[PDB]
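Q: any chance you could fold what I've pasted below:
(3 chains, ligands or ions: 1)
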Amino acid sequence: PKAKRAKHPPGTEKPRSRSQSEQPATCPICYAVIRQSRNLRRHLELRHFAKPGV
DNA sequence: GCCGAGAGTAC
DNA sequence: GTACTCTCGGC
Ligand SMILES: [Zn+2]
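A: Residues are numbered from 1 along each chain as shown, chains lettered A, B, ... in the order given. Provided below are the atomic coordinates:
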């Protein structure tokens, strides 16, 4: 079928090896404070490079 | 409307 | 043994 990563099923333990590996992140354009670095990238495409490229 | 975090895998 | 990516839900 498919596989929507549903966090609804029980037994969802929160190991820190998921949030600890990530470290605070700031945007050097609008100083937006993004916690996870992976999200920082997404912030670039939404609040800056979100313009149609060429 | 954007943001914050969970899971599975590979080397 | 760790960090990686994609995905979902919330105020
Ligand atoms: Zn920014």
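Q: is it correct that residue A:24 is in contact with residue A:32?
A: No: taking contacts as CB atoms under 8 Å, residue A:24 lies outside contact range of residue A:32: 11.8 Å. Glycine gets a C-beta too; all of them are placed from N, C-alpha and C.
Q: neighbour count for these two, which is higher?
A: residue A:32 (16 against 10; other CB atoms under 10 Å).
Q: wait, doesn't that one sit right on residue A:43?
A: Yes: Residue A:32 is within contact range of residue A:43, at 5.6 Å (criterion: CB under 8 Å).
Q: residues of chain A that sit close to DNA strand B?
A: Contact residues, chain A versus DNA strand B (CB under 7 Å from any atom of the strand): A:5, A:7, A:12-15, A:18-19, A:22, A:32-36, A:38-39, A:42-43, A:46-47, A:50.
Q: just the buried subset of the residues you listed, please.
A: Among the residues of chain A next to DNA strand B, the ones that count as buried by 16 or more other CB atoms under 10 Å are A:32, A:34, A:43.
Q: could you pull up the residues touching the residue sitting nearest the centre point of chain A?
A: Compute the mean C-alpha point of chain A, and by CA atoms, centre = their mean the closest residue is residue A:39, 2.7 Å away. By CB atoms under 8 Å, 6 or more residues apart in numbering, the residues touching residue A:39 are residue A:25.
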